[PDB]
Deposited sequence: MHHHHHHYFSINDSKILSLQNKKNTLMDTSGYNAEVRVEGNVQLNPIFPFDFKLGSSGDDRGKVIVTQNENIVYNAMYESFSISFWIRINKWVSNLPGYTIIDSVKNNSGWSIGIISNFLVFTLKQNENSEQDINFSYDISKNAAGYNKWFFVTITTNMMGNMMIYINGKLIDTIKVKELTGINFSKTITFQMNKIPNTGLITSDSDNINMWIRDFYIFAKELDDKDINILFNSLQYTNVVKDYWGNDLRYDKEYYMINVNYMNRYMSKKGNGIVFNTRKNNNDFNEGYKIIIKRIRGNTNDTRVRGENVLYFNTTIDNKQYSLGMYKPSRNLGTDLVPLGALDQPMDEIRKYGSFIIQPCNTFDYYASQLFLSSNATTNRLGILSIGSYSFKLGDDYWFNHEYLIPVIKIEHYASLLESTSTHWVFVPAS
């Protein structure tokens, strides 16, 4: 068991932040700190005002270091909202006293872990997110794991994946602080939020295997997630986007759903939104789960449509049926507009695949994909036009299973 070396476990428990490691650290909460009453029972901090949130963790000075020798690991879930690539410097989790200990900060697109021996000697390691893949900010939940061996390496992991490895050379030992401070403090030289859950410290150096077991065990992998990593829900407006076409939003021409190039990457708030509706599932609690049967509603010009197949003006390709927006009764939705969802998460995104349902059952008929095709929609008459459309590949779609063009994301409209 890896829990044997766990010396701190900061968790929200019955609307109270506490250490559940058995080592009974003092947890003091000040200012504007919000606790989530539902999963993942996170706590929320801001950079706003003089009365911003502050969580002080004071560890028992003795008992926690009996098992520690040369190595320690820090793990936690974190989400930062409007993590812009030009973000000013912030210290977010501080554990430095008298120029000794460790600190976690954010600057630009970097999450930086600093290890301080004294005022003259320190080393840092970092994760820098891919700006091109996150033009609207890195605003999703991610899992951080930092391992340190004083006679070996500092290592940083994001979502179970090893990001960087730096040899500890300068430092020859650390006098750790009693205190860990969760607070958003601007470095002395627009407003940001931070969510944390399950902050753990281990008295050993966790390996790749341990980190992944940990990473997965803190998740409900059967629950589909939205773009930011929160639980995907029914009866909620989302912007539906294809992973391969992030600069595209949803529009309508005639029967067809068409994809247009978005204005900018300030946010995702452009074009029409979908609402996910449940038909079938094992649990009934508003959350979208793997193997659920569902359909999609959308409001366009004071009318509500459902997504469904339609016959295109001319053939698009073998086994290809276009998906459009139709004003149809439930019988037609079940026959031609029902989908089976299956989550597929990667390091880069929280996404899902959608399979065409056979009469609103869990039997599969095709996979929902995307492509550009030349045909006629709306009032097109004289000429065929190229349209980027959602398309279902029916019967034969084995080579599309591993294709990212079948990965769909949902950004909350809010």
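What the model leaves out of the deposited chain are the segments 1-9, 199-206.
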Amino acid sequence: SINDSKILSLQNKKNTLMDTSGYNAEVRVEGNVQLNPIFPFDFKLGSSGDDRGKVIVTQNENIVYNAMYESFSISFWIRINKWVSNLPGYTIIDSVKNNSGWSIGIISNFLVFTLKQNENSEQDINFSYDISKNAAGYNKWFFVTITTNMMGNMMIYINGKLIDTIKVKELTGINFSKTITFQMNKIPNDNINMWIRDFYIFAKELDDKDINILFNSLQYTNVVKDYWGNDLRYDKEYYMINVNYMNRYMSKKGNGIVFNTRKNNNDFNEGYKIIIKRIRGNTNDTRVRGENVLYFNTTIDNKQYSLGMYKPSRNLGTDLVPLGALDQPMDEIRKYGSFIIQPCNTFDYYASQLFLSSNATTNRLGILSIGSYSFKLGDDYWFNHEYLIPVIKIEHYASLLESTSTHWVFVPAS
From here on, numbers count along this sequence of modelled residues.
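As recorded in the PDB entry, 8-16 is the stretch of 8-16 and 388-396 with the greater mean C-alpha temperature factor. If you average the C-alpha B-factors over 60-68 and over 26-34, the higher value belongs to 60-68.
Per the PDB record, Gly173 has a higher Cα B-factor than any other of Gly173, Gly324, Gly271, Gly290.
The entry lists C-alpha B-factors for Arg248, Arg334, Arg314, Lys204, and the highest of these is at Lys204. Remark: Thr361 belongs to the middle third of its chain, ranked by C-alpha B-factor as recorded. When the modelled residues of the chain are ordered by C-alpha B-factor, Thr91 sits in the middle third. In the PDB entry, a CA B factor belonging to the highest third of its chain's modelled residues is recorded for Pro188. For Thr404, the recorded CA B-factor ranks within the middle third of the chain. Only modelled residues enter the ranking. Among the modelled residues of the chain, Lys252 sits in the lowest third by CA temperature factor in this PDB entry.
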